[PDB]
Amino acid sequence: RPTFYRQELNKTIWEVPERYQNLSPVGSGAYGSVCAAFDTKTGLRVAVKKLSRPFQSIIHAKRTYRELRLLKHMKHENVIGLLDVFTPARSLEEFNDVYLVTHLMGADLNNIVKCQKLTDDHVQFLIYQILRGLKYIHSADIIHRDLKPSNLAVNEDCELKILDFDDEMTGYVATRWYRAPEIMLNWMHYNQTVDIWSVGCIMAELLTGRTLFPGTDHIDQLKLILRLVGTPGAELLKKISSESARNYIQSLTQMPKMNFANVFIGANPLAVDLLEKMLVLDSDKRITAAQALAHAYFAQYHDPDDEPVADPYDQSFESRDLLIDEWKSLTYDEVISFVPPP
Ligand SMILES: O=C1Nc2nc(N[C@H]3CC[C@H](O)CC3)ncc2CN1c1ccccc1Cl
């Protein structure tokens, strides 16, 4: 057991192993505050997230377990993984805090590309890495569900990692602009292809410097989407299990799909072709990450032998109802059994 020391970081008392030094706030994280630090044992700049009240409720305790389980599973260059997880607690009885450690990323995509049109080569590379990470994530039957520029971190080398797998979804907000229509409007049980829709939106924005579907609200956004991809056909309509949603869709005037070559004027014809394959209304028909990687647009980056898949991921716990202390004990076992990556 390492020796821990205490430090107050913005009215918060952090207790971390001595190996972590120079803790400095970098902002908020998903359900916890994040500090950048230097891991003297590995020489890595890391981000340390102290979870806020990890076990205050069943929902929080299960979310804490979920995040730890997911982070402990993700081992891929284009996905945020775990370098360390610790608690100053000496026993399950005293267990109350959880700290998660990851590589420190330089900036999120949003802050880098905001209002800026990128060069085709840069788009090729950024999207290639997103799809490579997605192939890995999807191979484990994991769906990201909230892919957007702010959840994509990049370093100075444009090296990219996917991270962070309602009032905040209302209005003119980027929190909803990259969502596939079927999840935005709860049309049906959605699959991993919702993530491909998000990549298409991100890719279009990198190419034009403009949000693809910057709706002022959910409906305005759907209209922007249908004007581009066309209103659904009978085949897709049958798949919208939500009768309410299906019924509203049917009230819209039919529109044929636009010519993407005339929307993305001047864009590489191959980028155009890939966008048309990702931004397909029917999720059953969207190109998969594995198929997209093999698309000619990524000819200069694709390598079938360097696009790994993940080990199987058991998420049977998602359908389990346990007590706070049971989720807490399962989380403790996962913290205690953690083995750092080489
Ligand atoms: O929340 C997180 N934020 C990060 N930020 C940066 N860099 C930021 C980018 C935005 C900039 O404004 C400040 C530095 N790098 C890595 C993470 C990792 N990270 C995380 C995810 C899951 C579990 C634990 C953690 Cl710490």
Side-chain angles (χ1 to χ4, degrees), residues 29-32 49 51-87 92 95 98-102 130-148 151-152 161-165 169 178-180 182-184 186-199 241-242 283-284 286 288-290 307-341:
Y31 315 91
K49 181 166 67 169
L51 295 185
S52 189
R53 275 64 68 176
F55 312 111
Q56 47 174 160
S57 72
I58 288 194
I59 295 294
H60 279 58
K62 176 168 187 184
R63 173 202 285 76
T64 295
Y65 179 68
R66 179 182 301 112
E67 187 181 24
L68 183 50
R69 282 293 309 284
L70 279 172
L71 293 174
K72 281 183 59 173
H73 196 270
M74 301 290 91
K75 296 179 168 174
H76 181 284
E77 295 178 344
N78 298 116
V79 179
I80 279 291
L82 211 46
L83 293 179
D84 193 13
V85 54
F86 64 78
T87 180
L92 176 58
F95 181 48
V98 175
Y99 295 76
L100 301 165
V101 189
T102 68
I130 294 169
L131 293 170
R132 185 162 176 265
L134 281 183
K135 179 189 178 187
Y136 175 85
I137 289 162
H138 293 169
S139 66
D141 297 346
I142 297 172
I143 303 179
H144 185 288
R145 298 189 181 74
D146 186 44
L147 269 191
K148 57 186 161 168
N151 280 342
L152 291 172
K161 291 192 194 297
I162 297 169
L163 41 67
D164 295 338
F165 291 59
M169 285 282 263
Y178 308 80
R179 315 271 289 191
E182 70 268 16
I183 182 166
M184 167 174 88
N186 301 297
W187 282 353
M188 57 188 79
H189 173 42
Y190 55 86
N191 72 314
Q192 58 192 38
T193 54
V194 291
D195 293 334
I196 293 301
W197 176 273
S198 303
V199 178
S241 56
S242 165
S283 65
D284 283 348
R286 289 175 203 150
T288 60
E307 296 167 353
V309 291
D311 286 338
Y313 180 61
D314 182 324
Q315 54 173 65
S316 65
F317 75 89
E318 290 290 14
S319 55
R320 224 152 257 144
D321 297 318
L322 301 179
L323 300 173
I324 290 182
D325 285 352
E326 296 179 311
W327 281 124
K328 179 171 174 183
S329 178
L330 283 169
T331 300
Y332 189 69
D333 287 344
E334 292 294 331
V335 174
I336 296 298
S337 61
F338 179 75
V339 177

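Numbering starts at 1 and runs along the sequence shown. Heavy atoms only: backbone and side chains are in, while hydrogens, waters and symmetry mates are out.
- For the pair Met74 and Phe165, the minimum side-chain heavy-atom distance is below 4.5 Å.
- The environment of CD in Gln56 is crowded: more than 12 heavy-atom neighbours from other residues, nucleotides or ligands sit within 6.0 Å.
- Rounding to the nearest 0.5 angstrom, the gap separating the CG atom in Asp321 from the CD1 atom in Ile58 is 8.0 Å.
- Within a 6.0 Å radius of OH in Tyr313, more than 12 heavy atoms belonging to other residues, nucleotides or ligands are found.
- With contacts defined as side-chain heavy-atom distances shorter than 4.5 Å, the pair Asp146/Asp164 does not qualify.
- The distance from the CD1 atom of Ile183 to the OH atom of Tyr178 is 16.0 Å, given to the nearest 0.5 Å.
- Listed for the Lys72 side chain is a donor-acceptor partner under 3.5 Å among the backbone atoms of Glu334.
- In this structure, the side chain of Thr87 does not engage the main chain of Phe95 through any donor-acceptor pair within 3.5 Å.
- A donor-acceptor pair is defined here as one N or O able to donate and one able to accept, closer than 3.5 Å; such a pair exists between the side chain of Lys135 and the backbone of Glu307.
- Taken to the nearest 0.5 Å, the CD atom of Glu182 stands 7.0 Å off from the CG atom of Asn191.
- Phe55 is listed as a side-chain neighbour of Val98, based on a closest heavy-atom distance under 4.5 Å.
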Could you check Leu82 against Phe338 for side-chain contact (heavy atoms from CB on, under 4.5 Å), going step by step and ending with a plain yes or no?
CA-CA 9 Å; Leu82 211 46; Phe338 179 75; 4.1 Å; yes
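- Considering CZ of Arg179 and OG of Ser198, their distance stands at 7.5 Å, rounded to 0.5 Å.
- Put simply, the side chain of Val85 does not reach to within 4.5 Å of the side chain of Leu71, judged on heavy atoms.
- Residues forming a ring pair (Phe, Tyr, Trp, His ring centres under 6.0 Å) with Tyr136 (at least two apart in sequence, or on another chain): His76.
- For the residue pair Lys161 / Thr102, no side-chain donor-acceptor distance below 3.5 Å is found, with atom types taken as modelled.
- Atoms CD1 and CG, from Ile130 and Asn78 in turn, are 9.0 Å apart once rounded to the nearest 0.5 Å.
- Side-chain contact between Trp327 and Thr64 is absent, with no heavy-atom pair separated by less than 4.5 Å.
- Residues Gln315 and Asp141 form no side-chain contact, since every pair of their non-hydrogen atoms from C-beta on lies 4.5 Å or further apart.
- Side-chain contact between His60 and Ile324 is absent, with no heavy-atom pair separated by less than 4.5 Å.
- By the 4.5 Å heavy-atom criterion applied to side chains, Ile162 and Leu152 are counted as neighbours.
- Enclosure of atom CG in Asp284 by more than 12 non-hydrogen atoms of other residues, nucleotides or ligands within 6.0 angstrom is indicated.
- Here the options are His138, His144, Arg145, the test is side-chain hydrogen bond (donor to acceptor under 3.5 Å, both in side chains), and the partner is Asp195; only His138 passes.
- Applying the salt bridge (charged side-chain N to carboxylate O under 4.0 Å, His left out) test to every pair with at least one member in residues 55-66, sequence neighbours left out, gives these pairs: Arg66-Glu318.
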